[PDB]
Amino acid sequence: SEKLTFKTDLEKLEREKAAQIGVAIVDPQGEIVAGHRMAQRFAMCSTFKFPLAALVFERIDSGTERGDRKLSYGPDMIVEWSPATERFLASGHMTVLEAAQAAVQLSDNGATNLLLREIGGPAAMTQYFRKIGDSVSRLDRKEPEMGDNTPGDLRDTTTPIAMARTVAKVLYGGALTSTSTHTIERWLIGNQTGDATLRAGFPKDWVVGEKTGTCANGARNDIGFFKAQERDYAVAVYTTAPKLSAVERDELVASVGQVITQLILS
């Protein structure tokens with residue numbers, strides 16, 4: 001069967017590429033379409049920045065945050081991979097929207113940390129997960145150390161199913177206004193970091209938006225949505241491949257995308 005080909009192909013990739021592959025695909029109402037290691041814990045890496053943006057938009061939506069509010073910072077705010085933050089340093093600030101846009105589309109760590117500072121840190125980000133029905137996802141640390149991905153550590157982890165359901169909740173389950181849901185979706189579509197990952201393995205006809213992650217011990221992740229045959233899906237892929245090169249990890253997630261494609265199109 002179609003479902004058996006999905007399973008077998010993912011395992012074939014796990015053995016050949018020395019990898020753990022976590023996959024969850026849900027429909028708009030959170031119901032399971034397909035999975036693999038779906039309740040296994042993986043490090044979030046940068047994938048959480050998409051939910052971070054949801055939290056921010058919910059505060060804008062409610063009137064408890066302002067999109068053009070200036071977030072001030074000095075050089076101490078700069079950490080590894082902070083390309084937007086470095087550029088705006090001289091000027092002395094980024095706005096709420098600037099920083100969230102940097103976080104989502106460039107995976108900018110400094111901009112993520114700037115927002116976390118403003119919204120109440122890892123604990124607030126975690127309670128946002130809980131408030132929207134995710135009892136699994138947890139942010140414990142700031143970037144970049146939240147991506148240490150230490151053996152056995154439960155900090156800064158999710159599961160594929162918990163994150164796919166969170167994605168469905170943010171985009172299709174009314175957690176945000178229509179205008180805020182639309183902005184986040186465009187940002188996810190215009191993401192600058194995911195060209196060689198999941199969307200590389202989806203057909204060119206699919207509308208896909210996603211948020212990547214890369215962190216220690218060969219973590220390569222991608223979460224988001226696709227519209228296929230005019231149906232909407234939420235997908236979360238988490239993988240660990242410590243033996244693989246940079247490029248091969250990308251190709252691994254994109255290969256998972258092709259396995260997904262065949263299951264969906266069948």
# chains A, B, ... in the order shown; residues from 1 in each chain; ligands from 1
>>> select_by_dssp(residues="stretch 6-254 of chain A", states="alpha helix (DSSP H)", output="VMD selection string")
chain A and resid 6 to 16 49 to 62 83 to 89 96 to 105 109 to 119 121 to 131 160 to 172 178 to 189 198 to 201 246 to 254
>>> residues_around(residues="stretch 8-14 of chain A", least_positions_apart="6", cutoff="12 Å", atoms="only C-alpha atoms", output="JSON, numbers by chain")
{"A": [1, 2, 20, 21, 22, 23, 34, 35, 36, 37, 237, 239, 240, 241, 242, 243, 244, 248, 249, 251, 252, 253, 254, 255, 256, 257, 258, 259, 260, 262, 263]}
>>> write_last_selection(atoms="N, CA, C and O atoms", output="compact mmCIF listing (two decimals), in the first residue's frame")
# COMPACT_ATOMS: atom_id res chain seq x y z
N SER A 1 0.82 -1.26 0.00
CA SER A 1 0.00 0.00 0.00
C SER A 1 0.83 1.28 0.00
O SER A 1 1.96 1.29 0.48
N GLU A 2 0.20 2.37 -0.45
CA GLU A 2 0.74 3.72 -0.40
C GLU A 2 1.41 4.10 0.95
O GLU A 2 2.53 4.63 0.98
N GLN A 20 17.79 9.76 11.95
CA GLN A 20 16.47 9.64 12.57
C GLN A 20 15.56 10.62 11.88
O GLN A 20 15.88 11.80 11.88
N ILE A 21 14.44 10.16 11.35
CA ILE A 21 13.53 11.06 10.61
C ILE A 21 12.19 11.12 11.31
O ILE A 21 11.52 10.11 11.42
N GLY A 22 11.84 12.31 11.80
CA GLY A 22 10.55 12.56 12.43
C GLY A 22 9.62 13.35 11.54
O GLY A 22 9.98 14.46 11.09
N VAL A 23 8.43 12.78 11.27
CA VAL A 23 7.44 13.39 10.37
C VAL A 23 6.03 13.35 10.94
O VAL A 23 5.57 12.30 11.41
N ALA A 34 -0.39 11.40 8.08
CA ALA A 34 0.78 10.54 7.97
C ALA A 34 1.78 10.87 9.08
O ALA A 34 1.88 12.02 9.51
N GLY A 35 2.52 9.86 9.53
CA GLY A 35 3.61 10.08 10.49
C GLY A 35 4.70 9.02 10.47
O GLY A 35 4.59 8.03 9.77
N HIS A 36 5.75 9.30 11.23
CA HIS A 36 6.97 8.48 11.39
C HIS A 36 7.68 9.06 12.59
O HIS A 36 7.85 10.29 12.67
N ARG A 37 8.04 8.24 13.57
CA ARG A 37 8.60 8.73 14.83
C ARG A 37 7.84 9.96 15.32
O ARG A 37 8.43 10.91 15.81
N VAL A 237 8.69 18.33 9.99
CA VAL A 237 9.77 17.35 9.82
C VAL A 237 10.98 17.72 10.68
O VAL A 237 11.50 18.86 10.61
N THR A 239 14.80 16.06 11.80
CA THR A 239 15.76 15.01 11.53
C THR A 239 17.09 15.23 12.24
O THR A 239 17.51 16.36 12.45
N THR A 240 17.77 14.12 12.54
CA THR A 240 19.13 14.13 13.06
C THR A 240 20.01 13.18 12.25
O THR A 240 19.69 12.01 12.11
N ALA A 241 21.10 13.73 11.70
CA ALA A 241 22.03 12.99 10.84
C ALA A 241 23.47 13.49 11.09
O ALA A 241 24.05 14.19 10.24
N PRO A 242 24.04 13.15 12.27
CA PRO A 242 25.35 13.67 12.69
C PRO A 242 26.53 13.35 11.73
O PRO A 242 27.46 14.12 11.68
N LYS A 243 26.43 12.26 10.98
CA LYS A 243 27.46 11.82 10.05
C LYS A 243 27.39 12.54 8.71
O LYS A 243 28.34 12.52 7.94
N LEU A 244 26.26 13.18 8.44
CA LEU A 244 26.04 13.78 7.14
C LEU A 244 26.66 15.17 6.99
O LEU A 244 26.81 15.90 7.96
N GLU A 248 24.12 17.33 2.43
CA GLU A 248 23.40 16.05 2.47
C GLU A 248 22.21 16.10 3.42
O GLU A 248 21.19 15.45 3.16
N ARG A 249 22.34 16.86 4.51
CA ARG A 249 21.21 17.10 5.41
C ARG A 249 20.07 17.81 4.70
O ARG A 249 18.93 17.43 4.87
N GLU A 251 19.49 17.79 1.47
CA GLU A 251 19.00 16.82 0.50
C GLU A 251 18.18 15.72 1.18
O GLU A 251 17.30 15.14 0.55
N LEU A 252 18.49 15.42 2.45
CA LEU A 252 17.73 14.44 3.26
C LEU A 252 16.31 14.92 3.53
O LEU A 252 15.36 14.16 3.34
N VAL A 253 16.16 16.17 3.97
CA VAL A 253 14.83 16.79 4.22
C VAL A 253 14.03 16.93 2.91
O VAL A 253 12.84 16.62 2.85
N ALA A 254 14.70 17.31 1.85
CA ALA A 254 14.08 17.41 0.52
C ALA A 254 13.65 16.04 0.01
O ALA A 254 12.60 15.91 -0.62
N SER A 255 14.45 15.02 0.29
CA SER A 255 14.05 13.65 -0.02
C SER A 255 12.84 13.21 0.77
O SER A 255 11.95 12.52 0.22
N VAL A 256 12.78 13.60 2.05
CA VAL A 256 11.57 13.37 2.83
C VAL A 256 10.38 14.06 2.16
O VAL A 256 9.29 13.50 2.12
N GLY A 257 10.60 15.26 1.62
CA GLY A 257 9.56 15.97 0.86
C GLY A 257 9.04 15.18 -0.33
O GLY A 257 7.82 15.15 -0.59
N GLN A 258 9.94 14.51 -1.04
CA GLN A 258 9.51 13.67 -2.16
C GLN A 258 8.72 12.43 -1.71
O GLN A 258 7.81 12.01 -2.41
N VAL A 259 9.08 11.87 -0.55
CA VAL A 259 8.33 10.73 0.02
C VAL A 259 6.92 11.20 0.38
O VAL A 259 5.94 10.52 0.08
N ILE A 260 6.84 12.36 1.03
CA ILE A 260 5.56 13.01 1.33
C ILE A 260 4.73 13.20 0.05
O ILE A 260 3.57 12.79 0.00
N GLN A 262 4.67 11.74 -2.89
CA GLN A 262 4.13 10.51 -3.43
C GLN A 262 2.95 9.97 -2.61
O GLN A 262 2.00 9.47 -3.18
N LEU A 263 3.01 10.12 -1.29
CA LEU A 263 1.93 9.64 -0.45
C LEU A 263 0.70 10.52 -0.65
O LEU A 263 -0.40 10.00 -0.81
>>> closest_residue(among="A:65, A:140, A:230, A:108", to="residue A:84", atoms="only C-alpha atoms")
A:108
>>> atom_distance(atom1="atom CA of residue A:129", atom2="atom CA of residue A:169")
10.1 Å
>>> atom_distance(atom1="atom CA of residue A:233", atom2="atom CA of residue A:163")
12.8 Å
>>> closest_residue(among="A:19, A:100, A:55, A:25", to="residue A:131", atoms="only C-alpha atoms")
A:55
>>> atom_distance(atom1="atom CA of residue A:48", atom2="atom CA of residue A:93")
22.6 Å
>>> residues_around(residues="stretch 198-215 of chain A", least_positions_apart="2", cutoff="7 Å", atoms="only C-alpha atoms", output="PyMOL selection string")
chain A and resi 45-47+50+104+147-148+185+188-189+191+193-196+217-228+253-255+257-258+261
>>> closest_residue(among="A:96, A:247, A:139, A:53", to="residue A:126", atoms="only C-alpha atoms")
A:139
>>> decode(residues="stretch 203-234 of chain A", atoms="N, CA and C atoms", output="compact mmCIF listing (two decimals), in the first residue's frame")
# COMPACT_ATOMS: atom_id res chain seq x y z
N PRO A 203 6.26 19.25 -5.39
CA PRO A 203 6.01 19.74 -6.75
C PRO A 203 6.01 21.26 -6.83
N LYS A 204 6.25 21.81 -8.02
CA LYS A 204 6.34 23.25 -8.20
C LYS A 204 4.95 23.90 -8.16
N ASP A 205 3.90 23.10 -8.30
CA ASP A 205 2.52 23.62 -8.22
C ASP A 205 2.05 23.90 -6.79
N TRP A 206 2.72 23.34 -5.79
CA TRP A 206 2.26 23.46 -4.39
C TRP A 206 2.57 24.82 -3.82
N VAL A 207 1.58 25.42 -3.15
CA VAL A 207 1.85 26.57 -2.32
C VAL A 207 2.38 26.08 -0.97
N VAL A 208 3.66 26.40 -0.70
CA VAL A 208 4.36 25.96 0.51
C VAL A 208 5.06 27.12 1.22
N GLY A 209 4.89 27.15 2.53
CA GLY A 209 5.59 28.10 3.36
C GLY A 209 6.11 27.32 4.53
N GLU A 210 7.32 27.62 4.97
CA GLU A 210 7.95 26.85 6.03
C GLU A 210 9.05 27.60 6.75
N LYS A 211 9.38 27.08 7.93
CA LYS A 211 10.45 27.60 8.77
C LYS A 211 11.48 26.49 9.06
N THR A 212 12.71 26.72 8.62
CA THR A 212 13.78 25.76 8.81
C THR A 212 14.34 25.76 10.23
N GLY A 213 15.12 24.71 10.53
CA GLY A 213 16.04 24.70 11.68
C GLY A 213 17.30 23.87 11.43
N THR A 214 18.42 24.34 12.00
CA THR A 214 19.73 23.67 11.95
C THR A 214 20.29 23.84 13.34
N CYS A 215 20.65 22.75 14.01
CA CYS A 215 21.41 22.89 15.25
C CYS A 215 22.28 21.64 15.52
N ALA A 216 22.76 21.46 16.75
CA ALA A 216 23.90 20.58 16.99
C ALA A 216 23.57 19.13 16.76
N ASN A 217 24.64 18.34 16.54
CA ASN A 217 24.53 16.91 16.44
C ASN A 217 23.66 16.53 15.21
N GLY A 218 23.86 17.29 14.13
CA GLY A 218 23.25 17.04 12.82
C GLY A 218 21.75 17.27 12.69
N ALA A 219 21.21 18.15 13.53
CA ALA A 219 19.78 18.52 13.44
C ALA A 219 19.48 19.38 12.22
N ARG A 220 18.56 18.89 11.40
CA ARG A 220 18.01 19.66 10.28
C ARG A 220 16.50 19.44 10.25
N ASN A 221 15.77 20.55 10.36
CA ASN A 221 14.31 20.52 10.56
C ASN A 221 13.61 21.50 9.61
N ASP A 222 12.33 21.27 9.38
CA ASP A 222 11.50 22.14 8.56
C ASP A 222 10.06 21.94 8.97
N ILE A 223 9.35 23.04 9.25
CA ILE A 223 7.94 22.96 9.62
C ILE A 223 7.15 24.01 8.85
N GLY A 224 5.88 23.74 8.61
CA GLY A 224 5.04 24.70 7.90
C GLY A 224 3.78 24.10 7.30
N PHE A 225 3.47 24.56 6.10
CA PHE A 225 2.24 24.11 5.45
C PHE A 225 2.44 23.91 3.97
N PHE A 226 1.60 23.08 3.37
CA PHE A 226 1.43 23.10 1.91
C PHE A 226 -0.03 22.94 1.50
N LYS A 227 -0.38 23.61 0.41
CA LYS A 227 -1.63 23.41 -0.26
C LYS A 227 -1.43 22.59 -1.54
N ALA A 228 -1.98 21.38 -1.53
CA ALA A 228 -1.82 20.40 -2.60
C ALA A 228 -3.21 19.99 -3.08
N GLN A 229 -3.44 20.06 -4.39
CA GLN A 229 -4.73 19.66 -4.97
C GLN A 229 -5.86 20.42 -4.27
N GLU A 230 -5.55 21.66 -3.91
CA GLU A 230 -6.47 22.57 -3.26
C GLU A 230 -6.91 22.06 -1.85
N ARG A 231 -6.06 21.26 -1.21
CA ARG A 231 -6.22 20.89 0.20
C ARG A 231 -5.06 21.45 1.00
N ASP A 232 -5.35 21.86 2.22
CA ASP A 232 -4.39 22.45 3.12
C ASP A 232 -3.86 21.44 4.11
N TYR A 233 -2.54 21.43 4.30
CA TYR A 233 -1.93 20.51 5.26
C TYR A 233 -0.95 21.26 6.12
N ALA A 234 -0.79 20.80 7.36
CA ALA A 234 0.28 21.23 8.25
C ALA A 234 1.27 20.10 8.40
